[PDB]
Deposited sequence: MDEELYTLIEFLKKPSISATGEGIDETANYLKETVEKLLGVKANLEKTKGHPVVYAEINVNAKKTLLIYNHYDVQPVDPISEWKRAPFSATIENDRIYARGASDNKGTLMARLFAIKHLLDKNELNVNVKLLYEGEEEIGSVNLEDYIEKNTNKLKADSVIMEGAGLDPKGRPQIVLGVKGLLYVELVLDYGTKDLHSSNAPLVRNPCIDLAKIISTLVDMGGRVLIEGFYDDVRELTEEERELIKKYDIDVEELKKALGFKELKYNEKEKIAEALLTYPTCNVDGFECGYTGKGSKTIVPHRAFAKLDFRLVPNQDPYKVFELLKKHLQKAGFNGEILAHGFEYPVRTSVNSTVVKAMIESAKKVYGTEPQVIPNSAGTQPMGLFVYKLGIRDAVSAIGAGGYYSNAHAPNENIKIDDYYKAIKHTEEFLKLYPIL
């Protein structure tokens, strides 16, 4: 881990060193041949461990620097566990290893669907959380990123000409204002039609979800939150889709005053999606809305990602919960994160029904190793 931690692999600098090293390391520890696959994006490290087991599992990870947590240790911890089970011959599950708005990546998976078949899949991993209790996230919100651009002429005009032209700042401001109401509810027609109610189990988890409001509010730094009750906060943070403005720039915004009609304006939007919303469908709904709103400019989109919620009752989740309790001594389980990851690629392109994202202090790493071990042993028998 220290050797893996020391090597840097950022801008695309010094990456091949870790890729070849990792390709060299998976073999030494597990004894199985490790493949390094070229791609339009960045190369992918792939390895397969077959114990002729009933169930097959997919493991997913991604490969100041003196080393004295972005998979800086989560990757190594899971590896030594499988190594520890291989030596004892107690391993009873097939394991495929895949090491990586995520615009690319999907291209690799689509051309290797048969190779990557598995009953369940485990994502990059989950941290220890503020409480120190093991945190298990059962999914992610989807994503749609959009940029809107208005360009009404070749140059800014002196503002004295304002009576003669349209101003793109006010135009784009008005467009943006039609997207949501005062309380943040999205006004795009059909936006909520695909949002499904929560299951009873999903509702139970949100109720059980323990957030300290005062600590959350303090850590955010905003003068005021829309909600004060912890139940309400959990519900909104994890269940509500959004239409958020990440950016808006137009005209002169430096010190003093330069009086003009700008010729160009743009704004960046991100939509957090929940099941069963489709980013491509939402994108179309947005375009229809913009047209009715008189939008006269350019639309650019990227980072289309699908939302995911994997049943807590599924054997892979049961295995993750019961194993954590044994090693950590209660695990905080949530139906999905507020954020977004390419979990949806493994559910809808590989058709892998059950996906979980769980399992730096030195004591945390060793725990992650044991937590991995206990899961790999309990999953086959569940």
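Give me the ranges of the deposited sequence that have no CA atoms here, in sequence order.
According to the record, the gaps fall at 1-7, 18-19, 73-86, 92-102, 135-139, 369, 400-414.
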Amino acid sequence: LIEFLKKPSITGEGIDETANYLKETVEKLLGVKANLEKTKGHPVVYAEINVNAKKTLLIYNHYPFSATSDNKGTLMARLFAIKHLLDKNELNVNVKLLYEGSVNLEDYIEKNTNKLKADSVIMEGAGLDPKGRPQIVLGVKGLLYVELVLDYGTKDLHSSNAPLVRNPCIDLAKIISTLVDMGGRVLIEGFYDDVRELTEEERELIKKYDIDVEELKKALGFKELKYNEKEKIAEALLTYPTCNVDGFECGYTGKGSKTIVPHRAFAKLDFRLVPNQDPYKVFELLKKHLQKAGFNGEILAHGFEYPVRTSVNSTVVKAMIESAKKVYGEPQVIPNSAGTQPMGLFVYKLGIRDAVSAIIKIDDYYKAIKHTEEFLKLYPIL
From here on, numbers count along this sequence of modelled residues.
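Mean C-alpha B-factor higher for 24-32, or for 53-61?
For C-alpha atoms only, the mean B-factor is higher in 24-32.
Tell me which of 105-113 and 169-177 has the higher mean C-alpha B-factor in the deposited entry.
If you average the C-alpha B-factors of 105-113 and of 169-177, the larger mean comes out for 105-113.
Which is it among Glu235, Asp270, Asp87, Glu201: the one with the largest CA B-factor in the entry?
Max CA B-factor in the entry, restricted to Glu235, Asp270, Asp87, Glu201: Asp87.
Quick one: which of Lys72, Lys218, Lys288, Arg309 has the biggest Cα B-factor according to the entry?
In the PDB entry, the greatest C-alpha B-factor among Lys72, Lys218, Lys288, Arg309 is found at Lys72.
Comparing against every modelled residue in the chain, figure out the third that the C-alpha B-factor of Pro331 lands in (lowest, middle or highest).
For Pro331, the deposited C-alpha B-factor lands in the highest third.
By the recorded C-alpha temperature factor, relative to the other modelled residues in its chain, which third is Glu124 in?
According to the entry, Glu124 has a C-alpha B-factor in the chain's middle third.
CA B-factor ranking of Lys83, expressed as a third of its chain:
Highest third, going by the recorded CA B-factors of the chain.
Please say which third, lowest, middle or highest, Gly190 falls into when its CA temperature factor is compared across its chain.
Answer is lowest: the recorded C-alpha B-factor places it there.
Is the Cα B-factor recorded for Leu144 in the lowest, middle or highest third of its chain?
As the PDB entry reports it, the C-alpha B-factor of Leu144 lands in the lowest third of its chain.
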